[PDB]
Amino acid sequence: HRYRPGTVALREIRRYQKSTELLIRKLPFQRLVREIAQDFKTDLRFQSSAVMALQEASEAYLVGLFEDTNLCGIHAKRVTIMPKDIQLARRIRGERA
Amino acid sequence: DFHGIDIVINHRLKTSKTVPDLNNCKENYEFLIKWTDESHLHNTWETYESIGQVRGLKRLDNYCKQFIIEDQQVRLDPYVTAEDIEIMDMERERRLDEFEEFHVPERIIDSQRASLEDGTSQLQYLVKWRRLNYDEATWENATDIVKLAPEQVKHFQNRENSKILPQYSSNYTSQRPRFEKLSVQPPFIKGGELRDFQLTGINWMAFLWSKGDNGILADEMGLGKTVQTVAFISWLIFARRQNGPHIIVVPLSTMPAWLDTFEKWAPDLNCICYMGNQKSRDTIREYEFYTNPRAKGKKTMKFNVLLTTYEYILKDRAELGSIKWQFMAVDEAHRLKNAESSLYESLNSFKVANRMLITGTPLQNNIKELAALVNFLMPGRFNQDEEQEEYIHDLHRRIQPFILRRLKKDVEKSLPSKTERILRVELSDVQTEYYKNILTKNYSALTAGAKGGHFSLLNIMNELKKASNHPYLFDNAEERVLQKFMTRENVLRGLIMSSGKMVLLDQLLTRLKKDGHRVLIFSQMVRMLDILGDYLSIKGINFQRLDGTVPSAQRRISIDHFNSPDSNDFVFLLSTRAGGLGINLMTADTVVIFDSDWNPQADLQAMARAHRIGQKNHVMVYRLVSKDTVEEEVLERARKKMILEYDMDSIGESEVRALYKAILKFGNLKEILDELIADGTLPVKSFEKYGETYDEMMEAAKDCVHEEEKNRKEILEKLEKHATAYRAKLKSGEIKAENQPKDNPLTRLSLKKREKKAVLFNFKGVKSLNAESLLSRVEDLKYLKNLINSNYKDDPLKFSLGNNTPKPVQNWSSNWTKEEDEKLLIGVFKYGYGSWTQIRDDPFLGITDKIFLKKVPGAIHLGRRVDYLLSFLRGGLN
DNA sequence: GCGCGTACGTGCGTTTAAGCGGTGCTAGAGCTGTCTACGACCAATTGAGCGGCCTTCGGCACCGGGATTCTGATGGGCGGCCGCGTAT
DNA sequence: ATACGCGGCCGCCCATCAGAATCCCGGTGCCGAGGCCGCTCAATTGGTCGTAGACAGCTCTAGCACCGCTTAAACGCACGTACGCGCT
Ligand SMILES: Nc1ncnc2c1ncn2[C@@H]1O[C@H](COP(=O)(O)OP(=O)(O)O)[C@@H](O)[C@H]1O
Ligand code: BEF
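Asks: Give me the overall build of chain B: which residues, what numbers.
Replies: The helix and strand inventory of chain B stands at 31 helices and 19 strands. What you see for chain B is a C-alpha radius of gyration of 39 Å, clearly larger than the 29 Å of a compact globule of 878 residues, by over 25%. Its C-alpha atoms put chain B at 150 × 90 × 50 Å along the principal axes.

Asks: I'd love a proper account of the site of ligand 1, names of residues and values included.
Replies: Residue and element names in this part refer to chain B. Within the structure, ligand 1 sits among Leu-194, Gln-198, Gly-222, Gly-224, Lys-225, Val-227, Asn-584, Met-586 and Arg-612. Between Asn-584 and ligand 1, the recorded distance is 2.5 Å, taken from a side-chain N or O atom to an oxygen atom. In isolation ligand 1 has 550 Å² of accessible area, and contact with the protein removes 60% of it.

Asks: Explain the pairing of strand β4 (residues 105-115) of chain B to me, using residue names and the numbers behind them.
Replies: Residues and elements named next belong to chain B. Pairing of β4 with strand β5 (residues 121-129), which is carried by 8 bridges, proceeds in the antiparallel orientation. Within β5, the residue paired with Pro-105 across the bridge is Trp-129. Here β4 folds back onto β5, and the loop between the two strands holds 5 residues, one of which, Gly-119, carries a positive phi near 85°.

Asks: How would you explain a positive patch on the surface if you had to name every residue and give the values?
Replies: On the surface, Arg11(A), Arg14(A), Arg15(A) and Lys18(A) cluster together to form a positively charged patch. Inspection of the secondary structure assignment puts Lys18(A) in helix α1 (residues 9-18).

Asks: Now, about the sheet that holds strand β6 (residues 139-141) of chain B: what can you tell me, with residues and values included?
Replies: All names here are of chain B. Taken in spatial order, the 3 strands line up as β4-β5-β6 in an open sheet, and their pairing is antiparallel. The strands lining the two open edges of the sheet, one partner per strand, are β4 and β6. Direction aside, neighbouring strands of the sheet carry axes that sit 35° apart on average. The strands that helix α6 (residues 150-161) touches are β4 and β5; relative to β4, the one it contacts most, it runs at about 75°.

Asks: Now, about the sheet that holds strand β8 (residues 247-249) of chain B: what can you tell me, with residues and values included?
Replies: Residue and element names in this part refer to chain B. Within the open sheet, the 5 strands sit side by side as β7-β11-β10-β8-β9. Their pairing is parallel. On the outer flanks of this sheet lie β7 (215-217) and β9 (306-308), each paired with one strand and no other. On average, each strand axis in the sheet is inclined to that of its neighbour by 20°, with strand direction left out of account. Bridge analysis of β7 against strand β11 (residues 356-358) gives 3 bridges, and the strand direction is parallel. Within the sheet, the bridge partner assigned to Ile-216 lies in β11 and is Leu-357. Contacting β7, β8 and β11, helix α8 (residues 225-235) crosses the sheet at an angle of about 165° to β11.

Asks: Would you mind going over the pattern of salt bridges in detail, with residue names and values included?
Replies: Any two side chains of opposite charge can pair, on the condition that their charged atoms come close. Residue and element names in this part refer to chain B. The tally for this structure, following the rule as stated, stands at 33 salt bridges over all chains. Between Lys-279 and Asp-135 there is a salt bridge, with its nearest N and O atoms 3.9 Å apart. Highlighted residues: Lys-279 in helix α10 (residues 279-288) and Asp-135 in the loop between β5 and β6, separated in sequence by 144 residues. The salt bridge involving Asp-867 is made with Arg-777; its shortest N-O contact spans 3.7 Å. For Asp-867, a relative accessible area of 32% puts it in the partly exposed group.

Asks: Give me the protein's contact with DNA strand D: which residues, what numbers.
Replies: Residues and elements named next belong to chain B. Near DNA strand D you find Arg-657, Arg-754, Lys-767, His-861 and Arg-864, and these make up its full shell. Among the atoms of DNA strand D close to the protein, meaning within 4 Å, 94% are from sugar or phosphate groups. Here a phosphate oxygen of DNA strand D and a side-chain polar atom of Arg-657 are 2.6 Å apart. Here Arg-754 contributes a side-chain N or O atom positioned 2.7 Å from a phosphate oxygen of DNA strand D. Looking at the surface near DNA strand D residue by residue, the class counts come to no nonpolar, 1 polar and 4 charged.

Asks: If you had to explain unusual backbone geometry to someone new, which residues and values would you point to?
Replies: All names here are of chain B. In this structure, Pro-857 follows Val-856 across a cis peptide bond, with omega equal to 10°. The phi dihedral of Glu-332 falls on the positive side, at around 50°, and the residue is not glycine. For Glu-332, the location among the structural elements is in the loop between β10 (328-331) and β11. Unusually for a residue other than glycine, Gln-601 sits at a positive phi of about 85°. Within the fold, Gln-601 resides in the loop between β16 (590-593) and α22 (602-606).

Asks: How would you explain the state of the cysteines if you had to name every residue and give the values?
Replies: Residues and elements named next belong to chain B. Scanning the entire structure with this criterion turns up 0 disulfides over all chains. Between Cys-271, a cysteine without a disulfide, and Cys-273, which holds the nearest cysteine sulfur, the sulfur-to-sulfur distance is 8.5 Å. With relative accessibility at 25%, the residue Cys-271 sits in the partly exposed group.

Asks: Quick rundown of the UniProt feature "binding site: ATP" in chain B? Include the residues and the values.
Replies: Residues and elements named next belong to chain B. Per the UniProt entry, the sites bearing "binding site: ATP" are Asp-219, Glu-220, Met-221, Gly-222, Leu-223, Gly-224, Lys-225 and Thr-226 in this numbering. Inspection of the secondary structure assignment puts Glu-220 in the loop between β7 and α8. Once residues within four sequence positions are removed from consideration, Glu-220 is found in contact with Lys-225, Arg-406 and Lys-408. Along the chain, the position of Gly-224 falls in the loop between β7 and α8.

Asks: Quick one: what's the story with the packing of aromatic side chains, residue by residue and with numbers?
Replies: Residue and element names in this part refer to chain B. Counting across every chain of the model gives 15 aromatic pairs over all chains. Relative to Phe-156, the ring of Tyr-125 has its centre 5.4 Å away and its plane inclined at 50°; by these criteria the two rings are tilted. Placement of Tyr-125 in strand β5 and of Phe-156 in helix α6 is noted, with a sequence separation of 31 residues between them. In terms of burial, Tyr-125 and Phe-156 fall into one category: buried. Chaining the aromatic ring pairs together yields one cluster made of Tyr-29, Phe-31 and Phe-67. Taking NZ or CZ as reference, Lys-128 lies 3.1 Å from the ring centre of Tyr-134, over its face. Just above the ring of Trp-598 sits the side chain of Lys-641; from NZ or CZ to the centre is 5.8 Å.

Procedures and definitions
- Residues numbered from 1 in each chain as written, not as in the entry; some residues may be left out.
- Chains lettered and ligands numbered in written order.
- Part of a larger assembly, values for the part shown.
- Heavy atoms only, no water.
- Residues with missing side-chain atoms left out of burial classes, pairs and counts.
- Helix = DSSP H or I, 4+ residues; strand = E, 2+ residues; numbered from the N terminus.
- Rg over C-alpha atoms; globule rule 2.2 N^0.38 Å.
- Near = heavy atom within 4 Å.
- Polar contact = N/O pair within 3.5 Å; in protein donor to acceptor, adjacent residues only side chain to side chain.
- Areas by Shrake-Rupley, 256 points an atom, 1.4 Å probe, with all protein chains shown as cover.
- Pairing = 2+ DSSP bridges.
- Patch = residues over 30% accessible without salt bridge, like charges linked within 9 Å, V, L, I, M, F, W, Y side chains within 5 Å.
- Salt bridge = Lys/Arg side-chain N within 4 Å of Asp/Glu carboxyl O.
- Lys, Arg positive; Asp, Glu negative; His and termini not counted.
- Charge placed at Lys NZ, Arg CZ, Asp CG, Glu CD.
- Axes fitted to C-alpha atoms, helices over the stretch in contact; angles between N-to-C directions.
- Contact = heavy atoms within 4.5 Å.
- Buried < 20%, exposed > 50% of the residue type's maximum accessible area, 1.4 Å probe, protein only.
- Nonpolar A, V, L, I, M, F, W, Y, C, P; charged D, E, K, R; others polar.
- Disulfide = S-S within 2.5 Å.
- UniProt positions renumbered as here; feature names shortened; annotations may be inferred.
- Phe/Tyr/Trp six-rings, centres within 6.5 Å; stacked < 30°, edge-to-face > 60°.
- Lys NZ or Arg CZ within 6 Å of the ring centre and 35° of its normal.

Here you go:
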């Protein structure tokens, strides 16, 4: 496999693409919601899927984010996603001010 | 693969201030180092300038770091008490105890002859060590293997030789052999004698064994249930000749018991388990097969019995599914409770013939399991006030067969008595606050209001129940009852006080404390157990905890430490499912219950671990029933729940080719009939059929031998008769001595006597069988077997030549002297003629680098060597 | 950070075409007015559609039997052992 | 006292019988169209009434076009400064 410099960097990427499993765990996420959902109302219940569905939404939501972030990052002469790279992306999409 | 550091064992001083620096350890400390990829046994006292940069530097440095500070906390500080000195030293003591047991070997896995750099080949054994799993078994040569553990090697040979594999089992598939009621205890129970309720149990299992039906063992919690299966396994093996690899699945908690329970009640069948991970996975397969891979299902077969944890079933469902099994054992088979289980249809795929569950699971709680058990043992086979008689007419008549119900009324006559007392504890101060406020969101939302939301139902019917007696199970409880703002007395007092149960327990505990009873605490919740972990240490009572979070090795150490004759700790705390998991406690008398275990019967076994056949101190049980709470009601439902509790044709030429070689190798082979058949050498035929063929084969051998001798004998007389006639002429001068004919009788006679030609015959199979070769070795070995037997019996090797002189072998490559011959003979006496690697490798012989099978002597040289010695000392060359 | 390069901002003069209010013209939106076709509604009969329930052959990947090739003890015959041994 | 005989040992080429391994034929499990089907409640069928909306007439806004006086805005070019972007 050639040498070692930036060897995995592109490798993991590819394997992750071929797959289609959830990027983030499905146990911490499950409480995260239960916990905030309480603050806006009491005595809450949850459909098995409802979360499954959120996970799907969210994950997908972030990737998408990163996907631009990357571009921005490239624009900059950089291969590094940065704390702001996040902001511009959002700002111009418009949720971020 | 390199010589690098693996671990730390021992630390000591190297040489004759306030804190030792690393230099001090380097110039004043010697440390025992275990090397990488190498057993424990080769450990070296080495420093840093001694070895230099070696791969692996990390563990010593830290361990030295641990060492430096350790030195400051035993001798170099006055805040240290009496007790820390006890622990800081103690560690040294235990750290070595877990290191010592690796030196003792526990099983030899296989034997490989591998070559060395001096051109030599030496035998090595794959050695397995004590209380460790199949990994890191490294090869060690045989020289010292028997020099430290002779017993292992003796047994190592025995299994390989004891041809009793699943290769010869009787065809009773179609139909069975009529079976017999046993009176006596089978000559296969070395562990002892059982009683009058362990042999009959066995006679039913084996009794419906011959029906083609499977059965349920439903006896009390510990009526030698395990002995009944092991003996059941033993008598189905030397009764109906079943070598059929029996599969047994037991709990990860209860197997170590079983092994010893299997290796002490029945020596002769070996018991190889399944308890590893990745590496093991391979070693199991190393011995699980013969000759690497195998066409079809032609595995030669190297086990019968196994033990499997419930994990491992499901992780590798597939490989067992393929291999056939016809007998099943399982431990505490209440698992198959629902008919939607994963192991519930996992077990059904394993081609099987008979099953065997053995648990005391009550079978009226739900009718599901009652049916599930019946559906599982027998796939296919399956109220009203006035039809109930009609109903149990159907249920009693059908259910019984595959069922066993039998009371203690046995072995309990010796064992000291059983007893249980309830406890009515009423509520406290801070208690009502959280018995009252919690059933609303008044002050439950003021303090910890964010969490209120999720626990709100938890707290109602599956907490209040659990958080009724003790409110200390959340956050805003600890300072609630402590009325002040470090105090040590108050914390102890403040915690004992809040609960009705804590005080009641503290006083009873004290009450028996001075009288002398060992007390048990079974709590439902993990944390309660830390809670107490925190209090009892403080007030100085020696204990250990028994949770759901502990390595098999660590679990095992303490359980034994506890049942030993002189153990200080009379306090031991356990779990409901984790506590009653398995095991037994035989020293313990008292057991106390904090809260009922949301159900009837989880407690009944929970006391079963302590109340067993052994206990000689009666028994004592306390149940802390909360008053004016929610504990009460379940207790009543619990009651509702437990209301009901109910000839091979002839021998062909190839065998005749098989038998002839075996005689040259072993001599009379009539005694050894089965051992050869078990392994490749012989087909399965009745004992006589071979024995008669063995005898006529020599009978054919001698007749040809004599007939030939007679004929030459008759001619030889005729030639000498002529020979004398010439002799008269020779001294008379008619023919002169220095001018006598080319051909004349003297020459004819000479060639005739010096006749050299093998003697031959047929035997309805072989071509031109050697008549003399067979007769000569049969007798010579008979003689050597006879003399050493009657003078050197107890120890073979002492065998001596004494004066008698057999030829010197000057020019052979290696040292050859009379002692070497002494062993050479014993070697065949032990292994047979013609197998010489066997003889050369043997640790006992000591001939290992004097044999070379340009280097002499090789295989024929020895072959030449024995025939000459054996004839020589009987006087054969006469 | 720094340094090189150059392109893009700022200016003036030249130049080009928008914006303004002026008129004229008629097209196409918006209104208006009568008819009647096509969609809603109510009826009664009929099978497409949904839950409930279990089917069969073909394809991936593990498999099966028979002739054939390579390794091991066997064996008479020509040679060599130089060292104990009987006969004169 | 002195010389001849030989004896198993051994390298040699030369012979026999079993075991290993490749090719000739294979069974097995998984996936995806199929079939069966049946109680039935939504679409279809035959049918009446009435009303939107097509359609023809009409008039009456506003979108187009067109022109010329006036001029602000665009244009193009000249000059240099202060950034884009390249390197380290
Ligand atoms: N039938 C028996 N005969 C002799 N000894 C027994 C018998 N049953 C049990 N024992 C002894 O009692 C101990 C535990 O046996 P048992 O009570 O059946 O196991 P468990 O804890 O599973 O019930 C063992 O150490 C064994 O020596
Ligand atoms: F019968 Be037991 F608890 F192994």
